[PDB]
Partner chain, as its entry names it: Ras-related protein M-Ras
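In structure tokens, the next block holds one chain alone, the form deposited without its partner chain.
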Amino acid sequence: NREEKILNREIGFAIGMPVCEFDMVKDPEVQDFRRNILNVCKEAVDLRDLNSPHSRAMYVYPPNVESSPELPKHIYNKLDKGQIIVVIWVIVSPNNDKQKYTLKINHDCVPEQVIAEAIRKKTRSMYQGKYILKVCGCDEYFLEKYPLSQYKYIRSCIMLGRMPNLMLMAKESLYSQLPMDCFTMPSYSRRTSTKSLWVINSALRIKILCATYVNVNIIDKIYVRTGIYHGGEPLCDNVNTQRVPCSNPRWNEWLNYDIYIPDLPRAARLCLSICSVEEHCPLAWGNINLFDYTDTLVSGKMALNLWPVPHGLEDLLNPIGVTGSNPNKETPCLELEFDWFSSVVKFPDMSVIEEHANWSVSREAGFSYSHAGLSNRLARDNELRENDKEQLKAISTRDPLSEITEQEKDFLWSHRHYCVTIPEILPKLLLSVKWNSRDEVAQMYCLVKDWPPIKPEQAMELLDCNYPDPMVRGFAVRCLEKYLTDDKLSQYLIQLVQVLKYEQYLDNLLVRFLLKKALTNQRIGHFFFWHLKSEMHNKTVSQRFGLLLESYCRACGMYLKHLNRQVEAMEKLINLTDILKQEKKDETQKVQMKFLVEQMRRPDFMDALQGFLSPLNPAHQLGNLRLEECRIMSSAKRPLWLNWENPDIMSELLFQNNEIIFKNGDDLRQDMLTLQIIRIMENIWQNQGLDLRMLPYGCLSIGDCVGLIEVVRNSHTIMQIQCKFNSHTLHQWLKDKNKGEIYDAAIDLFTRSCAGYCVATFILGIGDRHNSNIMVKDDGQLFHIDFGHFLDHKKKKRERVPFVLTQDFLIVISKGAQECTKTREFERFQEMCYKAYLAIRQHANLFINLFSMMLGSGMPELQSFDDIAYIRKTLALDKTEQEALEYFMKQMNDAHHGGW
């Protein structure tokens, strides 16, 4: 047991709460999750010891590869006849003397071939399966047989015109360093009648007894508002209790609902709230799953602790809110009573559902012309015309925020069998289902059961708040299991972690998929841990995320120990910054720095703040902290500028110092999402041969309004440039930094990165640009920082241009010409914008879905589908492609007072 106790201390330190608190949770769902999730843990551990040591090395150091080995024409043209120059370093003599070997090989060469060529060059100077290639300066390895150019490091080197520097390491040098972890099963591994829902011939009714902890200001009259929901879709009309004074919240009233108990869908929920009053106002709210995790209908007495109303929610009910009782018991508590049927009621099995769907399909197949004429949801098989097929195809092209009329819904449902031939229509077909009809739902189940697979980015939509059904969500997860690459999983990890909150139960297919991937890929596992840990202060998700983190920490292996180093380093940094903002806030920079350096030099702190992996990128080792290079930044919330040595043997070939900005006080979640979207945008542009280089620098939220920002070396704000001022200062600075022949490359890089940031900021509705949030690298790469604001943040009770190209920017674009607006350079720059704008337009659904998946997150500027609709306005989705280009030009023309 000594091993178990110690490991529980390690897991508790990682999660930020003791494991014993989980053991005390009475709720059977919680204890069943803890026990049953362990098979995902076992499965993942089995996959890792399948082909050991190689399979273990693949888990710890997965290949950091692109999704496809194909190169866009513009990237291939950067290669000398499809060949790349590569530098291979062999550490040999004592005191680690470095021998370099320059190779000109095909871009498609496998690491083993690269090693053979290196051995050839070293032998000419006077086995291949005994070495591995490592990226110089960081812990990135090439353990798998992918073409060299498919490795992200290599592709980046090709794209940026950089020399790839790789190090020949012995297989045994790496293998001996990966410890053998023996995953142990925890102590908790060792643990009337029953009627079907469809045999309950009764209407729904729920009793509202009384409310406790209704502490309000003498508010002069209150009631309970209730409704039956399927996602955010009401299943019947809302039912309110009679009004009562808040001084005595007693109702003892059965509420009768307009729904037959057998018609209740699987994901049906009771959404309620205590309202005051005419200006009706919600005081507290709470949601409940009408069926528990065991598929049992709610029976008996239940007490539900309510949640405080979130600012901006005028609506009396909160359906897209969290389901379950508030963990804090010193909150308004509502007592409810459910119906009793003298037996346990369960949701029918798939076999019963299938028998019923086949019975319905067969019955409908025999319907006469006139019977089918009774309903617009009924359509005879052979009546399917080509015009109808064309209408179905047109509907499937519409964006997820485009309204589907009641007529289109009846249309889609009656043609559901033809819909299988155009499988991407599934999200529209599902919103057209009468979720309060068991006859229709049973048939939808069977259609989904055998539904053709759709793209992972299309399936992701089916995991958002509009799709609560577990059969639907199960199909989505299966598409991800079959077609989502680890690369794309990493890219969309924030969205996939968010959509976990929309799950009715702790144990589901999505969490099993995500956990298995985190436990079989340490790069995925790293960010999985941090995304969950960053939200552990949020009581809406702390039990879910806490239980998930416990399962992750039991099976991740040795990485727990490394994570605990990063957790301890962040904890010390939160502690220091918290003191500086509450105890030393008014003191000078010189004084504050003296306190900081004295605190940091304490042996306990000094050890905790050095020799750990960067949470921004775990391939980066943070060695000794360079205190003399550290500083308190004069910016808002006084962030810490931190500098560590990169202890890697060949750090000089990557970077010798790792500089990170630690910030305590601002919410960094909107920045992370924007930075992710900028990268996705750049990826779309690059694939279409549209070379607009963006700078989606690293940003990670590690807690409540705490996080890390990746520093971009040799980059300066426009204000830093002009504060050496004329409009020619910037262009003169770039000319000075790019003297000679290389000048044109800087102007091209500037105009290209400028076009990208113009289009990206206009689409996304980012916070207003100024000379302190626009940065420029010495080579001419323009980029933006501080993405705290996006979408419709300047809304009133209509669209903006956040990046207005002042004379300074146009002078650079036009190479110093006076009439910068009327030059061929500016005409070429406009063309880059138009193409960039239209390309994003073609991928609008992806962007709409990425934002829709982030709705359950507590982001201030992303609270409703109305906020996402801003992107539907900027992309001009209701207009044609030419009208959309015209609208963009007009927005640009108005903001710049001419030119477009």
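Positions refer to the first chain, counted from 1.
Keep in mind that the form deposited with its partner chain bound is missing from the display, and what follows is about it.
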Practice item. May I ask you to check whether residue 240 falls inside a 4.5 Å heavy atom distance of its partner chain in the entry with it bound? Key: no
Review point. Is there a heavy atom of residue 298 lying 4.5 Å or less from a heavy atom of its partner chain in the entry with it bound?
Key: no
Check your understanding: Do residue 103 and its partner chain come within 4.5 Å of each other in the entry with it bound, heavy atoms counted?
Key -> yes
Review point. Is residue 717 one of the residues lying within 4.5 Å of its partner chain in the entry with it bound, judged by heavy atom distances?
Key: no
Check your understanding: Looking at 590, 363, 798, 124, which is the one with a non-hydrogen atom within 4.5 Å of its partner chain in the entry with it bound?
Key -> 124
Study note, to complete from the structure: Of 739, 713, 824, 482, the only residue with a heavy atom within 4.5 Å of its partner chain in the entry with it bound is 739
**Study point:** Residue stretch of 250 to 258, 230 to 238, 103 to 111, 459 to 467 approaching its partner chain in the entry with it bound, non-hydrogen atom distance within 4.5 Å
**Key:** 103 to 111
Exercise for review: At a 4.5 angstroms cut-off on non-hydrogen atoms, which residues of 597 to 624 are near its partner chain in the entry with it bound? List them in order.
Suggested key: none
